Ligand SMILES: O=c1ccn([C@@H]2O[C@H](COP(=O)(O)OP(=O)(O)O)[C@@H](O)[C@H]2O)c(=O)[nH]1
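Only one chain is given next, in structure tokens, and it is the form deposited without ligand UDP.
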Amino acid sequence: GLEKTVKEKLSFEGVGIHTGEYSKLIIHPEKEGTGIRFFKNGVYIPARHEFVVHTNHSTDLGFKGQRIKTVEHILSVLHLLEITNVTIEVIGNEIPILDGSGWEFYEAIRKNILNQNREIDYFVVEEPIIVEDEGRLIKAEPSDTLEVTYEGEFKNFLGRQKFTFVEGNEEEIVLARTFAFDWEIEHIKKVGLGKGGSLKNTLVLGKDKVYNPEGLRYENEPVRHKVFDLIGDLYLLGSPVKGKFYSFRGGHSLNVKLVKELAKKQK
């Protein structure tokens, strides 16, 4: 496809899932060739792997002492819509979690797409590659389209699950919420994560139940969300991606490890 930006400024506001702090986003149009970058306190922070500064339960970006937490969801939506040139101005310390999924971002941005002149410079996976970490694995291989599978194993009623995204089916993942398990709640709070979490923005799972009043959106919503996360982390390659991906129990750390190896292999 062709490069894209937004037709006009868009803003989003709300609590961040981990900080519990209120923040605001303003998405600014940019011309062809600009790329995706964040902006905070006078500092531009490109949405690229070189600027990743944390990968524990979220992907955080930083530069010159300016940090932005949890970029993976907004990046995933921008990757799926192939928005290639914007500046995401951030006031605060974290991207708002909103409903827990990509939906509100997706809905608003989809309505405001502006086509540009330049052909997208896709990052094309050119040969098989695999990264591993003690029973976690991500592999990639060449493909003309973006296809992403995540397979997980959960110590509850979900059991082993997997989902495959194929180009054109973004509605099957953009509403999958971020999630947490009830037995991990005490820990994540002790280490200061999930301070903004609630049943209004997080799928909370138990041994044989879901805490949320509305329950699961899909029987395999958590692995759908993991696919959504991986597509967000893949956009740290610096442009939309063409390849077939399989992640077994991968997290943001392994996701970014894959991106870094792909970048290193290309050069």
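Residue indices: 1-based, along the sequence shown.
Although it is not shown, the form deposited with ligand UDP bound is what the next lines describe.
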For residue 9, is any heavy atom within 4.5 Å of ligand UDP in the entry with it bound, or not?
no
May I ask you to state whether residue 103 is within 4.5 Å of ligand UDP in the entry with it bound, using heavy atom distances?
no
So in the entry with it bound, is ligand UDP close enough to residue 152 to count as touching (4.5 Å, heavy atoms)?
yes
When the contact criterion is heavy atoms within 4.5 Å, does residue 184 count as touching ligand UDP in the entry with it bound?
yes
Quick one: find which of 104-112, 141-149, 176-184, 85-93 has residues within 4.5 Å of ligand UDP in the entry with it bound by heavy atom distance.
176-184
